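Colleague: To start, I am sharing the structure in question, which I have written as structure tokens.
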Amino acid sequence: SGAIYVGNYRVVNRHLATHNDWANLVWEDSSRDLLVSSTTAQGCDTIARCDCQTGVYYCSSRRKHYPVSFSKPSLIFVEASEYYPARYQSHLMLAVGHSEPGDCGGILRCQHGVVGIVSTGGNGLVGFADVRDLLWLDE
Ligand SMILES: COc1ccc(C(F)(F)F)cc1NC(=O)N1CCC[C@H](C(N)=O)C1
Ligand SMILES: [Zn+2]
């Protein structure tokens, strides 16, 4: 679990979104596993605007942060789950690191700010849904 709070927006994994998230829907993209809902309270996370390939993510299944090198956002094949059939997920970045399903939502950050959130994993790899291209999150 986990979310990004920036301005009047809440960014979560689309497969973990709640009824309140869907009743206050701003945008969602199943191909990215992202959903953005509106909030009453103001958010203070800074979204990074860069092409960094190094950062640190929070791994709830170890209660620890890990430094990682990660790939550029791209279309990557993702195994079927109870949330989606087998498909290409877009804007996904992979790193070598530990992750379990409940780790989704953990933030990946670089020196510039929030890069994305844990969205996939398996086989000693962890995948992050990028949010750096969502320029509208700031306005
Ligand atoms: C952080 O996620 C995991 C981490 C590790 C493993 C394991 F196979 F090793 F057990 C599995 C997962 N689960 C996932 O990758 N997904 C299930 C939830 C929906 C995700 C999506 N974006 O389509 C895909
Ligand atoms: Zn950066």
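Colleague: Scan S61, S37, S99, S74 and give me the residue that is surrounded by fewer than 21 Cβ atoms within 10 Å (Cβ to Cβ), under 16 Å from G2 (Cβ atoms), free of Cβ contacts under 8 Å to residues at least 60 places away in the same chain and more than 16 Å from ligand 2 (Cβ to nearest atom).
Modeller: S61
Colleague: For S90, state whether it is more than 13 Å from ligand 2 (Cβ to nearest atom), in the same structural domain as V126 (by CATH), closer than 18 Å to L134 by Cβ and under 16 Å from the mean Cα position of the chain (by Cα).
Modeller: yes
Neighbour counts are summed over all protein chains in view; Cβ atoms, including those assigned to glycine, are modelled from backbone coordinates with ideal geometry. The values are calculated or read from the model by the stated rules, or taken from the named source; none is laboratory data.
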